[PDB]
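Working notes for the structure below.
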Amino acid sequence: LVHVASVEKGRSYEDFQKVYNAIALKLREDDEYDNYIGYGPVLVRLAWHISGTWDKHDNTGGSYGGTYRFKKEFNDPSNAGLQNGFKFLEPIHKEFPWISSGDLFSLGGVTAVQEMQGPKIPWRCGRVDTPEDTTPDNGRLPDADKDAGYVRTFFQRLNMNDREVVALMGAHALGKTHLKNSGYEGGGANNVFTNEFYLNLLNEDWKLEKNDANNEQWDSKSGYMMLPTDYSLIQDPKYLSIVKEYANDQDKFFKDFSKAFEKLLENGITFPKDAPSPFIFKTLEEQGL
Ligand code: HEM
Ligand SMILES: OCc1cnc2cc[nH]c2c1
């Protein structure tokens, strides 16, 4: 399976910056969502989940085809809650109907990260919608109740190494878990992209408790939580070193996250040698908007 990026006809940087701006303006407008967290975190999760179906072995899944729009993937139990992100993007797609679904979902994640004061994430266009029969089966996204070995093995399927995994997981600084979505509850309400996930792991007093869904999670006195898979990053000595690294260097985390997140969003895509360079979008703040 080869998926070749094909630029939406006649479109260039300015077109996608307009889409970015529309997403960013709506992020600012619809600020009440999820107890005033806003839609930032769920858009980041959406971009990750539409990418995280990828399988390096046969190039099935991945962001390219925009298959989350199809019921099988939309209704994946692993994707519970992401419907809110999709609904958010509906008026954006209506205003810019020329953008492909994969481009829109991935761009949503990039926009959210940047607007939440995270690192720049270079982004490339050219994902092309593929038919309903290309939708990957449910079950390719990760379980949260497992250990470091599970996480390591899981991410090998996405061609991610230890540093890439630990960097990507830093997105768990954002938003929260919702009992009705995933069987986990809590996490606060952060919508600013920082390295705080690593600081929280290292600095908080964690207790292994059971939540109201009878699942174990790690809770701190201060009211934070970590999934078992989050906490596994300080149980494994190789992950732990990297956690400490990012806890002590905000810039290094930003740079590594940016690389890993772009890679995640681009897995499975062949870019022609003469494709445009990756775009780096200006934030609303940078534009004075
Ligand atoms: C082992 C890997 C991972 C596991 C098991 C996992 C699991 C989860 C679970 C269970 C939730 C709560 C969903 C809910 O109840 O609403 C969540 C939330 C979230 N995840 Fe992950 N995740 C993983 C990796 C990632 C990665 C790689 C990213 C992005 C780079 C990411 C981004 C997010 C974000 C932003 C939220 C908050 C969503 C919201 O506030 O609505 N996660 N994750
Ligand atoms: O409490 C911190 C926190 C916030 N959000 C998430 C998402 C997964 N694990 C998390 C942990």
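By convention here, the chains of the structure tokens are called A, B, ... in the order presented, each chain's residues are numbered starting at 1, and ligands are numbered starting at 1 in the order presented.
Near ligand 2, at distances of 7 Å or less and with only C-alpha atoms and all ligand atoms counted, sit the residues residues 172, 173, 174, 175, 176, 177, 186, 187, 188, 197, 224, 225, 226, 227 and 230 of chain A.
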Determine, for each residue of range 109-223 of chain A having at least one atom at most 12 Å from an atom of range 8-25 of chain A, the closest pair of atoms and their separation in Å to one decimal, counting only C-alpha atoms; order by chain and ascending number, as a Markdown table.
```
| residue | atom | partner | partner_atom | distance |
| --- | --- | --- | --- | --- |
| A:109 | CA | A:23 | CA | 9.9 |
| A:110 | CA | A:20 | CA | 8.6 |
| A:111 | CA | A:20 | CA | 6.0 |
| A:112 | CA | A:24 | CA | 7.2 |
| A:113 | CA | A:24 | CA | 10.2 |
| A:114 | CA | A:24 | CA | 9.1 |
| A:115 | CA | A:24 | CA | 6.6 |
| A:116 | CA | A:24 | CA | 9.7 |
| A:117 | CA | A:24 | CA | 11.8 |
| A:122 | CA | A:13 | CA | 11.7 |
| A:123 | CA | A:16 | CA | 9.8 |
| A:124 | CA | A:13 | CA | 9.7 |
| A:125 | CA | A:8 | CA | 7.7 |
| A:126 | CA | A:8 | CA | 6.3 |
| A:127 | CA | A:8 | CA | 8.6 |
| A:128 | CA | A:8 | CA | 8.5 |
| A:129 | CA | A:8 | CA | 11.1 |
```
Could the residues in this selection be written to a file with C-alpha atoms, as a PDB file, in the first residue's frame?
```
ATOM      1  CA  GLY A 109      -4.205  18.799  16.241  1.00  0.00           C
ATOM      2  CA  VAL A 110      -1.405  21.048  15.015  1.00  0.00           C
ATOM      3  CA  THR A 111      -3.559  24.143  15.485  1.00  0.00           C
ATOM      4  CA  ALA A 112      -4.597  23.088  18.991  1.00  0.00           C
ATOM      5  CA  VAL A 113      -1.008  22.425  20.098  1.00  0.00           C
ATOM      6  CA  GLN A 114       0.199  25.803  18.824  1.00  0.00           C
ATOM      7  CA  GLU A 115      -2.757  27.794  20.104  1.00  0.00           C
ATOM      8  CA  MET A 116      -2.265  26.220  23.520  1.00  0.00           C
ATOM      9  CA  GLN A 117       1.245  27.755  23.508  1.00  0.00           C
ATOM     10  CA  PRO A 122       5.507  21.721  10.841  1.00  0.00           C
ATOM     11  CA  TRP A 123       2.601  20.290   8.870  1.00  0.00           C
ATOM     12  CA  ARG A 124       2.281  18.953   5.335  1.00  0.00           C
ATOM     13  CA  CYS A 125      -0.816  18.827   3.199  1.00  0.00           C
ATOM     14  CA  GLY A 126      -1.890  16.236   0.672  1.00  0.00           C
ATOM     15  CA  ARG A 127      -3.676  13.460   2.508  1.00  0.00           C
ATOM     16  CA  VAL A 128      -6.399  12.123   0.207  1.00  0.00           C
ATOM     17  CA  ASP A 129      -9.732  10.674   1.320  1.00  0.00           C
TER      18      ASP A 129
END
```
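A distance search around ligand 1 (6 Å at most, only C-alpha atoms and all ligand atoms) returns the following protein and nucleic acid residues: residues 41, 42, 44, 45, 48, 81, 142, 143, 144, 151, 168, 169, 171, 172, 174, 175, 176, 177, 178, 179, 181, 182, 184 and 229 of chain A.
A straight line drawn from CA of residue 204 in chain A to CA of residue 220 in chain A is 6.1 Å long.
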Would you tabulate, counting only C-alpha atoms, all residues of range 158-200 of chain A that have an atom at most 10 Å from an atom of range 244-247 of chain A, showing the closest pair of atoms and their distance in Å to one decimal, sorted by chain then ascending number, as JSON lines?
```
{"residue": "A:166", "atom": "CA", "partner": "A:246", "partner_atom": "CA", "distance": 8.9}
{"residue": "A:167", "atom": "CA", "partner": "A:246", "partner_atom": "CA", "distance": 7.9}
{"residue": "A:170", "atom": "CA", "partner": "A:246", "partner_atom": "CA", "distance": 8.8}
{"residue": "A:194", "atom": "CA", "partner": "A:247", "partner_atom": "CA", "distance": 9.8}
{"residue": "A:195", "atom": "CA", "partner": "A:247", "partner_atom": "CA", "distance": 6.2}
{"residue": "A:196", "atom": "CA", "partner": "A:247", "partner_atom": "CA", "distance": 7.3}
{"residue": "A:197", "atom": "CA", "partner": "A:247", "partner_atom": "CA", "distance": 8.0}
{"residue": "A:198", "atom": "CA", "partner": "A:247", "partner_atom": "CA", "distance": 5.0}
{"residue": "A:199", "atom": "CA", "partner": "A:247", "partner_atom": "CA", "distance": 5.1}
{"residue": "A:200", "atom": "CA", "partner": "A:247", "partner_atom": "CA", "distance": 8.7}
```
Hey, what does DSSP flag as alpha helix (DSSP H) within range 110-230 of chain A? Can you give it to me as a PDB file with N, CA and C atoms, in the first residue's frame?
```pdb
ATOM      1  N   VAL A 110      -2.486  20.071  15.104  1.00  0.00           N
ATOM      2  CA  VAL A 110      -1.405  21.048  15.015  1.00  0.00           C
ATOM      3  C   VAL A 110      -1.859  22.412  15.526  1.00  0.00           C
ATOM      4  N   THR A 111      -3.026  22.854  15.069  1.00  0.00           N
ATOM      5  CA  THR A 111      -3.559  24.143  15.485  1.00  0.00           C
ATOM      6  C   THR A 111      -3.757  24.202  17.002  1.00  0.00           C
ATOM      7  N   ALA A 112      -4.367  23.160  17.552  1.00  0.00           N
ATOM      8  CA  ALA A 112      -4.597  23.088  18.991  1.00  0.00           C
ATOM      9  C   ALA A 112      -3.284  23.165  19.779  1.00  0.00           C
ATOM     10  N   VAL A 113      -2.289  22.365  19.399  1.00  0.00           N
ATOM     11  CA  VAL A 113      -1.008  22.425  20.098  1.00  0.00           C
ATOM     12  C   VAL A 113      -0.431  23.841  20.092  1.00  0.00           C
ATOM     13  N   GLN A 114      -0.408  24.479  18.926  1.00  0.00           N
ATOM     14  CA  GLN A 114       0.199  25.803  18.824  1.00  0.00           C
ATOM     15  C   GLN A 114      -0.602  26.854  19.581  1.00  0.00           C
ATOM     16  N   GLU A 115      -1.919  26.801  19.449  1.00  0.00           N
ATOM     17  CA  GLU A 115      -2.757  27.794  20.104  1.00  0.00           C
ATOM     18  C   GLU A 115      -2.724  27.638  21.618  1.00  0.00           C
ATOM     19  N   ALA A 148       4.864  -0.769  31.113  1.00  0.00           N
ATOM     20  CA  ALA A 148       5.834  -0.167  30.195  1.00  0.00           C
ATOM     21  C   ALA A 148       6.171  -1.063  29.009  1.00  0.00           C
ATOM     22  N   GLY A 149       6.259  -2.369  29.247  1.00  0.00           N
ATOM     23  CA  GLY A 149       6.572  -3.310  28.186  1.00  0.00           C
ATOM     24  C   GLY A 149       5.500  -3.301  27.120  1.00  0.00           C
ATOM     25  N   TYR A 150       4.253  -3.190  27.561  1.00  0.00           N
ATOM     26  CA  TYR A 150       3.137  -3.098  26.635  1.00  0.00           C
ATOM     27  C   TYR A 150       3.243  -1.837  25.790  1.00  0.00           C
ATOM     28  N   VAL A 151       3.528  -0.717  26.446  1.00  0.00           N
ATOM     29  CA  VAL A 151       3.606   0.568  25.762  1.00  0.00           C
ATOM     30  C   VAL A 151       4.730   0.522  24.729  1.00  0.00           C
ATOM     31  N   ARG A 152       5.878  -0.027  25.121  1.00  0.00           N
ATOM     32  CA  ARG A 152       7.035  -0.088  24.238  1.00  0.00           C
ATOM     33  C   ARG A 152       6.711  -0.903  22.990  1.00  0.00           C
ATOM     34  N   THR A 153       6.185  -2.101  23.213  1.00  0.00           N
ATOM     35  CA  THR A 153       5.817  -2.976  22.108  1.00  0.00           C
ATOM     36  C   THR A 153       4.742  -2.359  21.238  1.00  0.00           C
ATOM     37  N   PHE A 154       3.729  -1.780  21.874  1.00  0.00           N
ATOM     38  CA  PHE A 154       2.654  -1.153  21.114  1.00  0.00           C
ATOM     39  C   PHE A 154       3.204  -0.151  20.113  1.00  0.00           C
ATOM     40  N   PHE A 155       4.052   0.742  20.605  1.00  0.00           N
ATOM     41  CA  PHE A 155       4.522   1.841  19.778  1.00  0.00           C
ATOM     42  C   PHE A 155       5.524   1.427  18.698  1.00  0.00           C
ATOM     43  N   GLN A 156       6.096   0.235  18.815  1.00  0.00           N
ATOM     44  CA  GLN A 156       6.921  -0.276  17.719  1.00  0.00           C
ATOM     45  C   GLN A 156       6.111  -0.406  16.438  1.00  0.00           C
ATOM     46  N   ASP A 162      11.849   4.739  22.201  1.00  0.00           N
ATOM     47  CA  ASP A 162      11.603   5.167  23.571  1.00  0.00           C
ATOM     48  C   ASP A 162      11.448   6.679  23.709  1.00  0.00           C
ATOM     49  N   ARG A 163      12.351   7.437  23.096  1.00  0.00           N
ATOM     50  CA  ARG A 163      12.301   8.890  23.220  1.00  0.00           C
ATOM     51  C   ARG A 163      11.036   9.440  22.572  1.00  0.00           C
ATOM     52  N   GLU A 164      10.685   8.902  21.411  1.00  0.00           N
ATOM     53  CA  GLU A 164       9.477   9.346  20.727  1.00  0.00           C
ATOM     54  C   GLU A 164       8.225   9.071  21.548  1.00  0.00           C
ATOM     55  N   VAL A 165       8.175   7.899  22.176  1.00  0.00           N
ATOM     56  CA  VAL A 165       7.038   7.514  23.018  1.00  0.00           C
ATOM     57  C   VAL A 165       6.910   8.457  24.210  1.00  0.00           C
ATOM     58  N   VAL A 166       8.010   8.670  24.917  1.00  0.00           N
ATOM     59  CA  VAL A 166       7.958   9.513  26.104  1.00  0.00           C
ATOM     60  C   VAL A 166       7.598  10.956  25.717  1.00  0.00           C
ATOM     61  N   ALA A 167       8.163  11.441  24.614  1.00  0.00           N
ATOM     62  CA  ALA A 167       7.822  12.783  24.134  1.00  0.00           C
ATOM     63  C   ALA A 167       6.336  12.880  23.799  1.00  0.00           C
ATOM     64  N   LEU A 168       5.832  11.940  23.011  1.00  0.00           N
ATOM     65  CA  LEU A 168       4.424  11.993  22.615  1.00  0.00           C
ATOM     66  C   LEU A 168       3.499  11.978  23.829  1.00  0.00           C
ATOM     67  N   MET A 169       3.850  11.172  24.839  1.00  0.00           N
ATOM     68  CA  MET A 169       2.995  11.008  26.009  1.00  0.00           C
ATOM     69  C   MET A 169       2.868  12.313  26.785  1.00  0.00           C
ATOM     70  N   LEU A 179     -14.774   9.428  32.868  1.00  0.00           N
ATOM     71  CA  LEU A 179     -15.184   8.067  33.217  1.00  0.00           C
ATOM     72  C   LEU A 179     -16.045   7.404  32.137  1.00  0.00           C
ATOM     73  N   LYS A 180     -16.991   8.161  31.584  1.00  0.00           N
ATOM     74  CA  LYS A 180     -17.933   7.623  30.605  1.00  0.00           C
ATOM     75  C   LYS A 180     -17.279   7.312  29.261  1.00  0.00           C
ATOM     76  N   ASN A 181     -16.149   7.957  28.980  1.00  0.00           N
ATOM     77  CA  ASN A 181     -15.420   7.672  27.748  1.00  0.00           C
ATOM     78  C   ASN A 181     -14.504   6.464  27.847  1.00  0.00           C
ATOM     79  N   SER A 182     -13.689   6.423  28.897  1.00  0.00           N
ATOM     80  CA  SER A 182     -12.566   5.495  28.938  1.00  0.00           C
ATOM     81  C   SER A 182     -12.486   4.635  30.194  1.00  0.00           C
ATOM     82  N   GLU A 196       4.545  19.872  31.936  1.00  0.00           N
ATOM     83  CA  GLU A 196       4.090  19.568  33.296  1.00  0.00           C
ATOM     84  C   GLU A 196       3.760  18.084  33.542  1.00  0.00           C
ATOM     85  N   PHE A 197       3.486  17.322  32.486  1.00  0.00           N
ATOM     86  CA  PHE A 197       3.213  15.900  32.644  1.00  0.00           C
ATOM     87  C   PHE A 197       4.382  15.227  33.353  1.00  0.00           C
ATOM     88  N   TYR A 198       5.593  15.574  32.934  1.00  0.00           N
ATOM     89  CA  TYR A 198       6.802  14.974  33.489  1.00  0.00           C
ATOM     90  C   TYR A 198       7.081  15.469  34.904  1.00  0.00           C
ATOM     91  N   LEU A 199       6.890  16.762  35.131  1.00  0.00           N
ATOM     92  CA  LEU A 199       7.039  17.309  36.474  1.00  0.00           C
ATOM     93  C   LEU A 199       6.042  16.662  37.428  1.00  0.00           C
ATOM     94  N   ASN A 200       4.798  16.503  36.987  1.00  0.00           N
ATOM     95  CA  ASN A 200       3.779  15.871  37.826  1.00  0.00           C
ATOM     96  C   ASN A 200       4.151  14.425  38.163  1.00  0.00           C
ATOM     97  N   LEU A 201       4.578  13.669  37.159  1.00  0.00           N
ATOM     98  CA  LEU A 201       4.990  12.289  37.397  1.00  0.00           C
ATOM     99  C   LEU A 201       6.056  12.220  38.489  1.00  0.00           C
ATOM    100  N   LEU A 202       7.040  13.111  38.414  1.00  0.00           N
ATOM    101  CA  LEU A 202       8.201  13.045  39.304  1.00  0.00           C
ATOM    102  C   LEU A 202       7.946  13.644  40.679  1.00  0.00           C
ATOM    103  N   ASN A 203       7.117  14.683  40.736  1.00  0.00           N
ATOM    104  CA  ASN A 203       6.991  15.488  41.953  1.00  0.00           C
ATOM    105  C   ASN A 203       5.781  15.179  42.823  1.00  0.00           C
ATOM    106  N   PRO A 228      -2.390   3.961  34.276  1.00  0.00           N
ATOM    107  CA  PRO A 228      -1.307   3.007  34.535  1.00  0.00           C
ATOM    108  C   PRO A 228      -0.219   3.125  33.470  1.00  0.00           C
ATOM    109  N   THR A 229      -0.612   3.355  32.223  1.00  0.00           N
ATOM    110  CA  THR A 229       0.378   3.506  31.166  1.00  0.00           C
ATOM    111  C   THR A 229       1.195   4.799  31.305  1.00  0.00           C
ATOM    112  N   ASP A 230       0.593   5.848  31.868  1.00  0.00           N
ATOM    113  CA  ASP A 230       1.333   7.085  32.158  1.00  0.00           C
ATOM    114  C   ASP A 230       2.376   6.797  33.222  1.00  0.00           C
TER     115      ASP A 230
END
```
Sel. of strand (DSSP E or B) residues, range 119-272 of chain A, as an MDAnalysis selection string
chainID A and resid 123 177 186 206:210 216:220 225:226 269:270
Considering only C-alpha atoms, return as a VMD selection string whatever protein or nucleic-acid residues lie within 12 Å of residue 47 in chain A, sequence-local ones (same chain, fewer than 3 positions apart) excluded.
chain A and resid 40 to 44 50 to 53 62 to 64 66 68 79 82 85 to 86 89 101 to 113 171 261 to 266
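Here the question is which of A:4, A:260, A:289, A:37 gets nearest to residue 159 in chain A using only C-alpha atoms, and that residue is A:260.
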Just to confirm, what's the straight-line distance from CA of residue 135 in chain A to CA of residue 61 in chain A in Å (one decimal)?
6.8 Å
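Each of A:233, A:189, A:269, A:275 was compared to residue 1 in chain A using only C-alpha atoms, and A:269 turns out to be the nearest.
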In terms of only C-alpha atoms, the residue from A:57, A:207, A:87, A:238 at minimal distance from residue 157 in chain A is A:57
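CA of residue 73 in chain A is found 22.6 Å from CA of residue 160 in chain A.
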Closest to residue 38 in chain A among A:78, A:284, A:208, A:26, using only C-alpha atoms?
A:26
